[PDB]
């Protein structure tokens, strides 16, 4: 699946529960893994709009080369049936 070898930390506390679960099932059904809390094994952290990261979290992210993405990264990669450019979906560095 398109998310093989990807490990996602989900910070999507403010999404409707239905959307959170669809995010999870979309990830799991397409080869992806989950990490409850942020750790060095994470390749990705998904952040909804209302969620923020601390300086400590941002430092860990930089150190461990974690990709910060919004839920659209998942939705649109699924929709296009192809892993998209995660750099186009970074809330902490919009383009």
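Numbering follows the first chain given and starts at 1.
- Mean C-alpha B-factor is higher over 29 to 37 than over the other stretch, the pair under comparison being 56 to 64 and 29 to 37.
- Among the modelled residues of the chain, residue 76 sits in the lowest third by CA temperature factor in this PDB entry.
- Per the deposited record, the Cα B-factor of residue 87 falls in the middle third when ranked against the other modelled residues of its chain.
- Per the deposited record, the Cα B-factor of residue 21 falls in the highest third when ranked against the other modelled residues of its chain.
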